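Engineer: Just dropping this structure here.
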Amino acid sequence: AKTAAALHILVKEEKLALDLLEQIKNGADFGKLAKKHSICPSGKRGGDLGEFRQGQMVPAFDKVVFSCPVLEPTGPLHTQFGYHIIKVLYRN
């Protein structure tokens with residue numbers, strides 16, 4: 001699929017990623033957790049890029065959106081920036 005709706009959180013240290021994964025299970029809040037933790041110039045937008053082509057931001061994203069099914073929070077994944085957790089939506 002060319003364009004998909006995707007939310008991404010990048011964690012610098014694994015310990016926080018584990019706390020997030022458990023934190024999302026205990027609480028559950030992919031959008032709000034991404035915005036607070038990302039604290040980056042793409043926290044507002046990278047935490048909610050809306051729909052964009054499979055080749056805009058990070059290649060690793062194309063793999064999992066083509067690996068996991070949409071509507072399937074997959075991650076946290078491994079990427080150079082740190083841990084990538086990707087939520088897939090619409091996929092079109």
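Chain lettering (A, B, ...) mirrors the order of the structure tokens, residue numbering begins at 1 for each chain separately, and ligand numbering begins at 1 in order of display.
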Excluding stretch 59-68 of chain A and any residue of its chain fewer than 3 positions from it, enumerate the residues within 10 Å of it, using only C-alpha atoms, and give them as a list in words.
Structural biologist: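 In the requested form, the answer reads residues 1, 2, 4, 5, 6, 8, 53, 54, 55, 56, 71, 72, 73, 74, 75, 77, 78, 79, 80, 84, 85, 86, 87, 88, 89 and 91 of chain A.
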Engineer: Please return as a compact mmCIF listing (two decimals) with N, CA, C and O atoms, in the first residue's frame: the residues of stretch 3-61 of chain A that backbone DSSP assigns to alpha helix (DSSP H).
Structural biologist:
# COMPACT_ATOMS: atom_id res chain seq x y z
N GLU A 14 16.16 1.12 26.15
CA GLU A 14 15.24 -0.05 26.18
C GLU A 14 14.39 -0.04 27.46
O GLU A 14 13.24 -0.42 27.45
N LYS A 15 14.98 0.30 28.58
CA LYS A 15 14.22 0.23 29.86
C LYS A 15 12.91 1.02 29.76
O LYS A 15 11.87 0.57 30.21
N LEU A 16 12.95 2.17 29.16
CA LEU A 16 11.69 2.97 29.01
C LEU A 16 10.74 2.25 28.06
O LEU A 16 9.54 2.21 28.27
N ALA A 17 11.26 1.66 27.01
CA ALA A 17 10.39 0.92 26.06
C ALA A 17 9.63 -0.20 26.79
O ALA A 17 8.43 -0.32 26.67
N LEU A 18 10.31 -0.95 27.61
CA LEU A 18 9.62 -1.98 28.42
C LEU A 18 8.57 -1.32 29.32
O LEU A 18 7.44 -1.75 29.39
N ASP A 19 8.94 -0.26 29.98
CA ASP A 19 7.96 0.46 30.84
C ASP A 19 6.78 0.94 30.01
O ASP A 19 5.64 0.84 30.41
N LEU A 20 7.04 1.42 28.82
CA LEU A 20 5.94 1.86 27.93
C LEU A 20 5.04 0.67 27.60
O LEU A 20 3.83 0.73 27.74
N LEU A 21 5.62 -0.39 27.11
CA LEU A 21 4.80 -1.56 26.70
C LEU A 21 3.92 -2.01 27.87
O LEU A 21 2.72 -2.12 27.75
N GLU A 22 4.51 -2.15 29.02
CA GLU A 22 3.70 -2.46 30.23
C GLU A 22 2.76 -1.29 30.55
O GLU A 22 1.62 -1.48 30.92
N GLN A 23 3.25 -0.09 30.42
CA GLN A 23 2.40 1.10 30.71
C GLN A 23 1.18 1.13 29.78
O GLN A 23 0.08 1.42 30.19
N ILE A 24 1.38 0.80 28.53
CA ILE A 24 0.23 0.77 27.58
C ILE A 24 -0.74 -0.34 27.95
O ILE A 24 -1.94 -0.16 27.95
N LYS A 25 -0.24 -1.48 28.35
CA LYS A 25 -1.15 -2.56 28.80
C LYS A 25 -1.89 -2.14 30.07
O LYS A 25 -3.11 -2.16 30.13
N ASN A 26 -1.17 -1.73 31.09
CA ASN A 26 -1.84 -1.28 32.35
C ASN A 26 -2.77 -0.09 32.08
O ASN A 26 -3.85 0.00 32.61
N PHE A 30 -1.83 4.91 23.23
CA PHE A 30 -0.72 5.05 22.24
C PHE A 30 -0.51 6.52 21.87
O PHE A 30 0.60 6.99 21.76
N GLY A 31 -1.57 7.24 21.63
CA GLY A 31 -1.42 8.66 21.20
C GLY A 31 -0.77 9.49 22.32
O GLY A 31 0.18 10.21 22.11
N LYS A 32 -1.34 9.46 23.50
CA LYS A 32 -0.81 10.32 24.60
C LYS A 32 0.60 9.87 25.01
O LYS A 32 1.47 10.68 25.25
N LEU A 33 0.84 8.59 25.08
CA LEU A 33 2.20 8.11 25.46
C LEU A 33 3.23 8.59 24.43
O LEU A 33 4.30 9.05 24.78
N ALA A 34 2.91 8.51 23.17
CA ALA A 34 3.86 8.98 22.12
C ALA A 34 4.17 10.46 22.31
O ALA A 34 5.30 10.88 22.23
N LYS A 35 3.16 11.27 22.47
CA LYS A 35 3.39 12.74 22.54
C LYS A 35 4.31 13.09 23.72
O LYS A 35 5.23 13.87 23.59
N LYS A 36 4.04 12.55 24.88
CA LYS A 36 4.88 12.90 26.07
C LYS A 36 6.30 12.36 25.91
O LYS A 36 7.27 13.05 26.20
N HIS A 37 6.45 11.11 25.59
CA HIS A 37 7.81 10.49 25.57
C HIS A 37 8.64 11.04 24.41
O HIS A 37 9.84 11.20 24.53
N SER A 38 8.05 11.23 23.27
CA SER A 38 8.85 11.66 22.08
C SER A 38 9.53 13.00 22.35
O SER A 38 10.70 13.17 22.05
N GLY A 43 7.45 15.03 17.74
CA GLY A 43 6.53 14.45 18.75
C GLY A 43 5.10 14.80 18.36
O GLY A 43 4.25 13.94 18.22
N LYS A 44 4.84 16.05 18.12
CA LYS A 44 3.48 16.47 17.66
C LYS A 44 3.14 15.84 16.30
O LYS A 44 2.00 15.53 16.02
N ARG A 45 4.10 15.78 15.41
CA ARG A 45 3.78 15.33 14.02
C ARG A 45 4.23 13.88 13.81
O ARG A 45 3.48 13.06 13.31
N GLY A 46 5.41 13.54 14.25
CA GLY A 46 5.86 12.12 14.15
C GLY A 46 4.96 11.24 15.01
O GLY A 46 4.63 10.13 14.65
N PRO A 59 12.42 3.88 6.35
CA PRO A 59 12.20 2.63 5.58
C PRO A 59 11.66 1.53 6.49
O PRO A 59 10.69 0.87 6.18
N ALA A 60 12.30 1.31 7.61
CA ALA A 60 11.84 0.24 8.54
C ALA A 60 10.31 0.24 8.64
O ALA A 60 9.69 -0.79 8.74
N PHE A 61 9.71 1.40 8.58
CA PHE A 61 8.22 1.46 8.64
C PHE A 61 7.60 0.68 7.48
O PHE A 61 6.60 0.01 7.64
Engineer: Based on DSSP run over this structure's backbone, return all residues of chain A in strand (DSSP E), as number ranges by chain.
Structural biologist: A: 3-11, 51-53, 74-79, 82-89
Engineer: In Å, rounded to a single decimal, give me how far atom CA of residue A:49 is from atom CA of residue A:13.
Structural biologist: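 Calculated distance between atom CA of residue A:13 and atom CA of residue A:49 is 22.9 Å.
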